[PDB]
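experimental structure and sequence below, a few questions after.
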Amino acid sequence: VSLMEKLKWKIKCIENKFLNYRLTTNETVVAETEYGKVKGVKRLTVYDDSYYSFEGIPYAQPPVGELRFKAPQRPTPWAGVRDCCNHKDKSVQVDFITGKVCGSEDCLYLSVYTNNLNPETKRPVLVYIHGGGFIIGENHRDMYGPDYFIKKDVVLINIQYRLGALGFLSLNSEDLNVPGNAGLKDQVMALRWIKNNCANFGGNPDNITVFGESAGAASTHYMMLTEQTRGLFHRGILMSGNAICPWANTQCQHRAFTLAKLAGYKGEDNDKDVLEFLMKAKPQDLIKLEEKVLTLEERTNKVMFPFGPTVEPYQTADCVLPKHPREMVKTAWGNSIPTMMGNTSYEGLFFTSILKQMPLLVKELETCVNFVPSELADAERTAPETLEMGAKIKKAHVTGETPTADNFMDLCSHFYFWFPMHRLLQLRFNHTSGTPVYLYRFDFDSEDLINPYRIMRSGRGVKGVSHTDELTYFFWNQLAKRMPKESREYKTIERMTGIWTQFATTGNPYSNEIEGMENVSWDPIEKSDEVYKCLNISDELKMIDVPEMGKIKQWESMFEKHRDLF
Ligand SMILES: *B(O)c1ccc(OCc2ccccc2F)c(Cl)c1
């Protein structure tokens, strides 16, 4: 927290509103939805393109009052024309830059964008679910502008969903109807809306692609796992994340009481009494205290967030996760739709900011016991077997006699992203109709065009392709600028929106109409593959064996004596 990030961030924000106004037009339009008419408006881009914009389309009732912590309910429709010419608020969260809580409980909205409201053909529909660890994020165009994607003839939809304790509180007591995963059930309801309404915006309801980055990738994967969404969409893209990443789920049923007690609850550890208190609390109080819920023991054992997706303790009407995700892969409908997955070439660089805060973290690599997968480790991480397992990790990532910060961040690349990807691929290969999985590796490094996460990760001046660096080439954000058509950055925008649009359309990401792809033979992964091939996306596009594969096998070797748990 170095105070006046908040300044230029406030004055990049005084600019973003003038610019937003200047890029607005007077061309309003009305579209039909199953809940009533919505009025949208055309907007301009800095590349002199334009698109129709519908923001603040409700897909559920505002989950306020008695609806807090509950599964979403269908919204209440209207006669007349609803105003969708302005965005709604984001879900209640801590602003990662201003450090202050922002947003509203009234956040269950989606936005629809297209360059042509009346196309002559049904268009592929792309649905983006944002990341942010299930605790931050939004569909506001200052972070996720559609301006690049609307160069292509697609319909792009950006959803919101409840975050933090408001989205992911879970209580054991069956009588209370807070089984957990409200935020994922939000996504399910948004997907149902999209399926039933995208046609009114020129979309093909039989050709929908869901994609997401980070927590949005885990979300996309959860939407492919749950039987609640069966057949609602037809392709998935998992960008740096999936549902069996260790940060992507947690059993948090005991932490509601902790949150209550942090906020001033007086009384006993009792689900009913705890729920009653949490129902009454100011939303901004609960979200601000969320950062204090995890114990030192939990943090040591690499629990990243106190509330997130959870295995629900009993089954309700709108249950999304009845079993551990690894179990849900066994029968997942989404196993049998075309899928693309990928990661960046230095994911772990993202934890730069965390390291600067707590330098002593680097000494975790002395034994690496803390990064042994939790299901394998003992609670004190002092067991000799845990020490042995840790030594396998240590050999994969410690390059000198003493671990460095770079070693730590390389390790994080695998703990948080590459190893979970491996486990998923192998698990799914036992339960798939045979539909292809394509892998990419995003390896394009530039500091000439950036996005706000680079601030948060303090990555200005740091080199390598961190977690979230690829977002810059998919979405407009308030820190972006018009780049020369010949720049490597602009060409990367064209390649990324191009490949994603090609995959959305056909279920195959290859096209010789994409510059650089003229010699790419991009083949999906097979069960019989001992080495993964990926499209490596840099200044050149090249098919390579995943450079991370060696370290991936090294992680896998921790499961030599526990193969059932892999
Ligand atoms: B993806 O949604 C994602 C977000 C955050 C992660 O780590 C926690 C974190 C939070 C804030 C700053 C830096 C961080 F690393 C992860 Cl692993 C994934």
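Received it, and whenever you're ready, just let me know what you need. Numbering: from 1, shown residues only.

ok, now how distant is the closest residue to the ligand within the stretch 201-350 of the chain from residue 546?
Ranked by CB to the nearest ligand atom, the top residue of the stretch 201-350 of the chain for proximity to the ligand is residue 214, at 2.4 Å. For the C-beta atoms, the positions are set from N, CA and C on the backbone; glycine is no exception. Applying CB to CB, to the nearest Å, one obtains 20 Å for the distance of residue 214 from residue 546.

which one's more surrounded, these two?
In this comparison of residue 214 against residue 546, neighbours counted by other CB atoms under 10 Å, the higher total goes to residue 214 at 28 against 21.

my guess is the more buried one contacts residue 469, does it?
No - because the distance of 11.7 Å does not satisfy CB atoms under 8 Å, residue 214 is recorded as not touching residue 469.

how close does residue 499 get to residue 26?
Counting by CB to CB, the gap from residue 499 to residue 26 is 35 Å.

in contact with residue 379, which residues?
If a contact means CB atoms under 8 Å, 6 or more residues apart in numbering, then residue 379 has 297, 301 as its contacts.

offset the numbering so it begins at 8, please.
In the new count, where the first residue is 8, that last one comes out as residue 386.

is it true that it lies in a strand?
No - under DSSP: H, G, I helix; E, B strand; the rest coil, residue 386 sits outside any strand and is assigned coil.

close enough to count as contact, residue 94 and residue 61?
No - using CB under 8 Å as the test, residue 94 is too far from residue 61 to be in contact (10.4 Å).

what touches both of those two?
Any residue near both residue 94 and residue 61 by CB under 8 Å, 6+ apart counts here, and that gives residue 118.

and residue 506 and residue 33? which has more neighbours close in?
With neighbours defined as other CB under 10 Å, residue 506 and residue 33 compare such that residue 506 has more, 25 against 6.

helices of the stretch 458-573 of the chain, start to end?
Chain-ordered helices for the stretch 458-573 of the chain, with DSSP state H, counting those that start in this stretch as the definition, fall at 460-463, 495-513, 556-563.

could I have the last one exported to PDB, CA atoms only?
In this case it means helix 556-563. What follows is the C-alpha trace of helix 556-563 in PDB, where atoms were taken according to Å, rounded to 0.1, in the frame of the first residue of the first chain:
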ATOM      1  CA  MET A 556       7.000 -30.600 -19.100                       C
ATOM      2  CA  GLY A 557      10.200 -31.700 -17.300                       C
ATOM      3  CA  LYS A 558       9.200 -29.900 -14.100                       C
ATOM      4  CA  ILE A 559       5.600 -31.200 -14.500                       C
ATOM      5  CA  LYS A 560       6.900 -34.800 -14.400                       C
ATOM      6  CA  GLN A 561       9.000 -33.900 -11.300                       C
ATOM      7  CA  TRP A 562       5.800 -32.700  -9.500                       C
ATOM      8  CA  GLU A 563       4.000 -35.800 -10.700                       C
END
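
show me what it is packed up against.
helix 391-404, helix 426-435 (3 or more CB pairs under 8 Å, 6 or more residues apart in numbering; DSSP states H and E).

got the angle between the longest one and helix 426-435?
Spelled out, that is helix 391-404. Inter-element angle recorded for helix 391-404 and helix 426-435: 110 degrees (by axes from the mean of the first three to the mean of the last three CA atoms, to 10 degrees).

who touches helix 391-404?
By CB under 8 Å, 6+ apart, helix 391-404 touches 372, 374-379, 383-385, 388, 410, 414-415, 417-418, 421, 557-558, 561-562, 564-565.

how far does stretch 516-532 stretch from start to finish?
Distance between the two ends of stretch 516-532: 13 Å, counting by CA to CA, to the nearest Å.

how about it: buried residues?
Going by neighbour count (16 or more other CB atoms under 10 Å), the buried part of stretch 516-532 is 516, 517, 518, 521, 523, 524, 527, 529, 531, 532.

tell me who's in contact with the first one.
Pointing back at residue 516 there. Residue 516 makes contact with 347, 445, 447, 506, 507, 509, 510, 529, 542 under the criterion CB under 8 Å, 6+ apart.

one more pass at 7 Å, please.
Taking CB atoms under 7 Å, 6 or more residues apart in numbering as the criterion, residue 516 is in contact with 347, 445, 506, 509, 510, 529.

biggest separation within the buried residues of stretch 516-532, which pair?
Using CB to CB, the buried residues of stretch 516-532 reach their maximum pairwise distance at 523 and 532, which is 21.6 Å.

which residues of the protein lie near the ligand?
If contacts are counted using CB under 6 Å from any ligand atom, the residues of the chain sitting beside the ligand are 138-140, 221-222, 254, 311, 357-358, 360-361, 423, 463.

so which of the residues you listed belong to strands?
Using DSSP state E, the subset of those located in strands is empty.

and of these, the nearest to residue 111?
Looking across these and measuring by CB to CB, the closest to residue 111 is residue 139, at 16.1 Å.

what helix or strand does the residue nearest to residue 186 when sequence neighbours are not counted sit in?
Excluding the flanking residues, the one nearest residue 186 by CB to CB, 6 or more residues apart in numbering is residue 319, at 4.1 Å. Element membership for residue 319 (DSSP states H and E) is empty, with no helix or strand holding it.

then residue 118?
Counting by DSSP H and E, residue 118 is part of strand 116-121.

elements contacting that strand?
Under the contact definition 3 or more CB pairs under 7 Å, 6 or more residues apart in numbering; DSSP states H and E, strand 116-121 sits against strand 57-65, strand 162-166.

among these, which is the most enclosed?
With neighbours taken as mean count of other CB atoms under 10 Å, the helices and strands packed on strand 116-121 reach their highest mean count in strand 162-166, at a mean of 28.

identify all contacting residues around the next helix or strand after that one.
Remark: after strand 162-166, the chain's next helix or strand is helix 171-175, criterion DSSP H and E. Taking CB under 7 Å, 6+ apart as the criterion, the residues outside helix 171-175 that touch it are 75, 98-100, 112, 141-142, 168, 187-190, 259, 266, 290, 293-294, 297, 314-317.

just those: which are in strands?
Secondary-structure check on the contacts of helix 171-175 using DSSP E: residues within strands are residue 100.

which members of the contacts of helix 171-175 are positioned in helices?
Members of the contacts of helix 171-175 lying in helices (criterion: DSSP state H): 189, 190, 266, 290, 293, 294.

counting neighbours, what do you get for the second one?
Looking back up the chat, that one is residue 190. 28.

how many residues are close by the spatially closest residue to it that is not a sequence neighbour?
In space, residue 190 comes closest to residue 174 once its chain neighbours are excluded; the distance is 3.0 Å by CB to CB, 6+ apart. Neighbouring residues of residue 174 were enumerated by other CB under 10 Å; the total is 27.

what of residue 505?
Residue 505: 19 surrounding residues under other CB under 10 Å.

ditto for the one 5 residues further on
Residue 510 is surrounded by 25 other residues when neighbours are defined as other CB under 10 Å.

quick one: residues contacting it.
Counting by CB under 7 Å, 6+ apart, residue 510 touches 242, 244, 347, 516.

need those in CSV with distance to residue 494, can you?
Shown next, in CSV, are the contacts of residue 510 (distance: CB to CB, whole Å):
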residue, distance to residue 494
242, 30
244, 25
347, 26
516, 23
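
now do the contacts for the residue in the stretch 358-507 of the chain that the ligand sits nearest to.
Of all residues in the stretch 358-507 of the chain, residue 423 sits closest to the ligand, at 4.5 Å by CB to the nearest ligand atom. When the contact criterion is CB under 7 Å, 6+ apart, the partners of residue 423 are 252, 254, 354.

which of the residues you listed tops the neighbour count?
Comparing those on neighbour count, residue 354 comes out first with 28 neighbours (neighbours: other CB under 10 Å).

that's a strand at residue 50, yeah?
Yes - if the criterion is three-state DSSP, then residue 50 is within a strand.

now it: closest residue in space that isn't a chain neighbour?
By the measure of CB to CB, 6+ apart, the closest residue to residue 50 outside its immediate chain neighbours is residue 60, 4.8 Å from it.

again, but for residue 100
With CB to CB, 6+ apart, the residue lying closest to residue 100 is residue 143, at 4.7 Å.
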